[PDB]
Visitor: 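Before we start, here is the structure in question, set down as structure tokens.
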Amino acid sequence: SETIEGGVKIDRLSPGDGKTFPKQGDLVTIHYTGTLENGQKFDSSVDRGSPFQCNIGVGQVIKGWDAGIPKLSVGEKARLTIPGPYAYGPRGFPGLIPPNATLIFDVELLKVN
Ligand SMILES: C=CC[C@@H]1/C=C(\C)C[C@H](C)C[C@H](OC)[C@H]2O[C@@](O)(C(=O)C(=O)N3CCCC[C@H]3C(=O)O[C@H](/C(C)=C/[C@@H]3CC[C@@H](O)[C@H](OC)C3)[C@H](C)[C@@H](O)CC1=O)[C@H](C)C[C@@H]2OC
């Protein structure tokens, strides 16, 4: 496991092109599944049939995504394990994320613009 900013962990699952990495502000297209530590799924873009898009590195998303996504290359699949302070902190998110939760995201980087 690689330990990056905040103590977020990356487990590399299957490789990308090893050369096309997102830079600050780039639009990324990602499919994800999010689970709690006990393995209980809370959300998935795959279940919606629509990949998620954001600009990375600008605070649109939780800190653990801004930390982890730039370390992936196009096509890569990885698991991000994100401690509470890099996710939803003491507050959580109603109906989905308890207080102080470590979150697990399986992510696939589909495209970079
Ligand atoms: C503008 C309102 C609706 C708007 C909703 C969308 C565009 C649809 C988009 C697919 C979100 C999902 O909708 C099905 C759903 O995704 C989750 O299930 C989820 O897996 C998740 O954790 N994601 C989504 C994928 C990127 C990482 C993370 C996130 O960073 O999400 C971001 C997030 C909530 C950041 C908060 C912002 C407030 C801060 O206080 C907090 O700081 C701790 C962090 C999302 C993208 C926001 O930028 C935009 C929105 O909220 C959340 C558990 C709840 C969230 O629904 C709300």
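Any value given below was found using the heavy atoms of this structure, including those in side chains, with hydrogens, waters and symmetry copies removed. If you read the sequence from its start, that first residue is 1, and numbering goes on from there.
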Visitor: Taking all atoms of both residues into account, what is the closest heavy-atom pair of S45 and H31, and its distance?
Guide: OG-ND1, 2.7 Å
Visitor: Please tell me whether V61 and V58 are part of a single hydrophobic cluster in this structure, the criterion being side-chain heavy atoms less than 4.5 Å apart.
Guide: no
Visitor: Can you give the donor-acceptor pairs under 3.5 Å from side chains of residues 104-113 to other protein atoms, not counting sequence neighbours?
Guide:
residue: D106; atom: OD1; partner: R79; partner atom: NE; Å: 2.8
residue: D106; atom: OD1; partner: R79; partner atom: NH2; Å: 3.0
residue: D106; atom: OD2; partner: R79; partner atom: NH2; Å: 3.3

Visitor: Any side-chain heavy atom of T29 within less than 4.5 Å of one from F52?
Guide: no
Visitor: When rounded to the nearest 0.5 angstrom, what is the spacing between CD1 in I62 and CZ in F93?
Guide: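 So the CD1 of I62 and the CZ of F93 are separated by 11.5 Å.
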Visitor: In the structure I gave you, are the side-chain heavy atoms of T102 and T81 within less than 4.5 Å of one another anywhere?
Guide: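 Sidechains of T81 and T102: in contact.
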Visitor: Could you check if a side-chain atom of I30 sits within less than 4.5 angstrom of a side-chain atom of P51, using non-hydrogen atoms only?
Guide: no
Visitor: Looking at residues at least two apart in the chain, or sitting in another chain, which of them share a side-chain hydrogen bond (donor to acceptor under 3.5 Å, both in side chains) with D43?
Guide: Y32, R48
Visitor: Is any side-chain heavy atom of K9 closer than 4.5 Å to one of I4?
Guide: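 Side-chain contact under 4.5 Å: no.
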Visitor: Is there a path from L13 to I69 through hydrophobic residues (I, L, V, M, F, W, Y) whose side chains come within less than 4.5 Å of each other?
Guide: no
Visitor: Between the side chain of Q60 and the main-chain N/O of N55, is any donor-acceptor distance below 3.5 Å?
Guide: yes
Visitor: Take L103 and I97 through the test side chain to side chain contact (heavy atoms under 4.5 Å, CB included) and record every step on the way to the result.
Guide: CA-CA 8 Å; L103 304 186; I97 309 301; 3.9 Å; yes
Visitor: Indicate the atoms forming the closest heavy-atom contact of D11 with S1, along with that distance.
Guide: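 Closest approach of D11 to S1: OD1-OG, 2.7 Å.
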Visitor: Can you see which heavy atom on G6 is nearest to which on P83, and at what distance?
Guide: O-CG, 3.7 Å
Visitor: If you count the non-hydrogen atoms of other residues, nucleotides and ligands that lie under 6.0 Å from CZ in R91, is the total more than 12?
Guide: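 It does not: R91 CZ has 12 such atoms or fewer within range.
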Visitor: Can you list the residues that meet the side-chain contact (heavy atoms from CB on, under 4.5 Å) rule with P98, with sequence neighbours excluded?
Guide: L36, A101
Visitor: What residues, two or more places apart in sequence or in another chain, satisfy side-chain contact (heavy atoms from CB on, under 4.5 Å) together with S73?
Guide: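 With neighbours one apart ignored, the set is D17, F21, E76.
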Visitor: Indicate the atoms forming the closest heavy-atom contact of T33 with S44, along with that distance.
Guide: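 For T33 and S44, the tightest heavy-atom pair comes out as OG1-OG, 3.0 Å.
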Visitor: Determine the minimum heavy-atom distance between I56 and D66, stating which atoms define it.
Guide: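 Where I56 meets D66 most closely, the heavy atoms are CD1-OD1, 3.5 Å.
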Visitor: Taking all non-hydrogen atoms of both residues into account, name the closest pair between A78 and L72 and its distance.
Guide: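 Minimum heavy-atom separation between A78 and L72: CB-CD2, 3.7 Å.
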Visitor: Who passes side-chain contact (heavy atoms from CB on, under 4.5 Å) against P99, sequence neighbours left out?
Guide: none
Visitor: Which residues pass the side-chain contact (heavy atoms from CB on, under 4.5 Å) test with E5, sequence neighbours left out?
Guide: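 So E5 forms a side-chain contact (heavy atoms from CB on, under 4.5 Å) with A67, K71, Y86.
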